[PDB]
């Protein structure tokens, strides 16, 4: 029973769909709490190996509920640690896939960037326009956008509020793949299926290793990866993976 989202399970794939169509899936505190609660529940479910987050064909998530912020003081925001709960999504250990159609603006752009894989429809429009409302990004946009697309384009988007289409996003580093709008959900599901049929521990360790690339020097990331790599050979799925390859068959991992 969620009020702002829909959750479905199909095999080892969980799908969270934002469900505020009249508001173009704009994020509010309720969406934050529901999305993070569902994602965390899915993350702890051993029968789920990949999580998709998506919106509608018109909008993945177009901005935020401004009435919830308009009257905040610094003290209000600091005491609430406003938006901190979104960190629960980045903390999810299972691979997450943002399937982005139409508007992914402000908080919606930031939500997409929090996921590991980002599959965009050719209709995807990305932006961080809230400078127009007298504030800066507050859900990590200044950090993740910049790391994805570089300073020049991040500054342009964040200081002007201009939109970036799917093609620009794909050649700039923001998205994994662009697909036709009509195929977005099919393609996202296909990718989620592939990832969910990997070893759960291997896919988690791989994700963890990639995430280290933003948290330390290359020298420390290399050491971390190697130690993780060594540990993957303390697992049963590695031996099954190698058997399947030799026998030219599909692996049957126990996760």
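Residue numbers count along the first chain shown, from 1.
The question of which stretch, 222-230 or 207-215, has the higher mean Cα B factor is settled in favour of 222-230. Across the two stretches, 236-244 and 20-28, the PDB entry reports the greater mean Cα temperature factor for 236-244.
Of the candidates 185, 77, 111, 100, it is 185 whose Cα B-factor is highest according to the PDB record. Placement of the Cα temperature factor of residue 180 within the chain: highest third of the modelled residues, per the deposited record.
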